């Protein structure tokens, strides 16, 4: 498949191990190929009865799948990861066509997807409860919840579908997944791959739709749980200037800047401000924008036209608020004529920024960098600590004392020093998709208090 030719030719819901048209409607939405602006699908948003059919069908698959063993569930999930690995370029292509991120980034998304699949497969084989000890004992066993729902986002369509379904299925649950109406295509490749690996029909069902479809899923009595889905970058004078510039571009211009907790609030010390800016703008203007399916493309189009307009409005407002545009912030017309109707824009860098500007305190969700100058550590510590734990943060400095000091002081939950799985994350994520059943076995006689 190449850019500018694909159209969806099959239904976009998935039930009983096959693609089906929604039995019920709650809206009608268009899916786009953002590189060209073409309509690749006009699909039906699922209604109440379609949601019920998917949840009932998933309840029937949960009964079979949960009664399987942890070793058998691991075997199938490893097979699914193998199929995702064998078909990575095909999946990344579909991911690019619908989402518009570069094939370079899409390949990484799928790598993370099947690595996550293998990870929770491993935990499903080695899953174990507790045994606690007058010769009597009790034991605990983790049990799946039943039918779970995963609500996807459009910036990482295939990856989020993988990261929500992998742990849920590993614990023995079924999942009804609702992709973002922007990106409905790639989620069915995963549903088809799960079925090819040997999951029962209905274990991973796909229902398309928007808010109404998502509301029906959350309200369903047979649904057990539902999984749903600014960050400052600080660069000191004692940092590795090269690593700070490279890290700055990696924090603002990956996936067209449409990433949660992006380092869009960049703090640079006055001592090394001109050197940083000059090197950032030069390397930013060298980023090749174009067809996502090209191996050298590092920035494709934005997700859709209304989002591109909302990003441009942020740049315009910043300009009228006193900010200076050094590059980008406007429509980009690529040489390729087949992309002429795509939603492209040049990555934007803004200088002369202030804390009162709206382009500093609002998530733009676009390729827009905000550079704010500061004098000393004291000033910059109190300007970027209004970030909540859910946000990320990053610091650049060649000092084991100064680094951890700022990372401790900051309230952000995911911090970075000089850049931007384990067991806990798996255990915590498995706990979200399971419940602990206790059993107390009295071997002797009962001691009555009466």
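Rigid core here is just the name for the largest C-alpha set that superposes within 1.5 Å across the two forms. Residue numbers count along the first chain shown, from 1.
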If you line up the core and then measure how far each C-alpha sits from this form in 4 other deposited structures of this protein, which stretch comes out higher, 374 to 382 or 189 to 197?
374 to 382
Any chance you could tell me whether 328 to 336 or 261 to 269 drifts more in 4 other deposited structures of this protein, judged by RMS CA distance from this form after superposing on the core?
261 to 269
Continuity check for residue 420 and residue 421, given as deposited residues lacking coordinates between them
10 or more
Counting only residues of the deposited sequence, how many between residue 229 and residue 230 have no atoms in the entry (none, 1 to 3, 4 to 9, 10 or more)?
10 or more
Averaging the C-alpha temperature factors as deposited, the higher value of 33 to 41 versus 53 to 61 falls on 33 to 41
Which is higher on mean Cα B factor in this entry, 249 to 257 or 114 to 122?
249 to 257
From the list 208, 304, 140, 136, select the residue with the highest C-alpha B factor recorded in the entry.
136
Would you mind checking which of 166, 217, 333, 203 has the top Cα temperature factor in the PDB entry?
333
By the entry's values, the third containing the CA B factor of residue 86 is the middle
Report the third (lowest, middle or highest) to which the CA temperature factor of residue 242 belongs, ranking only the modelled residues of the same chain.
highest
Compared with the other modelled residues in the chain, in which third is the CA B-factor of residue 66?
middle
Residue 431: CA B-factor among chain residues, third -> middle
The third of the chain into which the C-alpha temperature factor of residue 291 falls is the middle
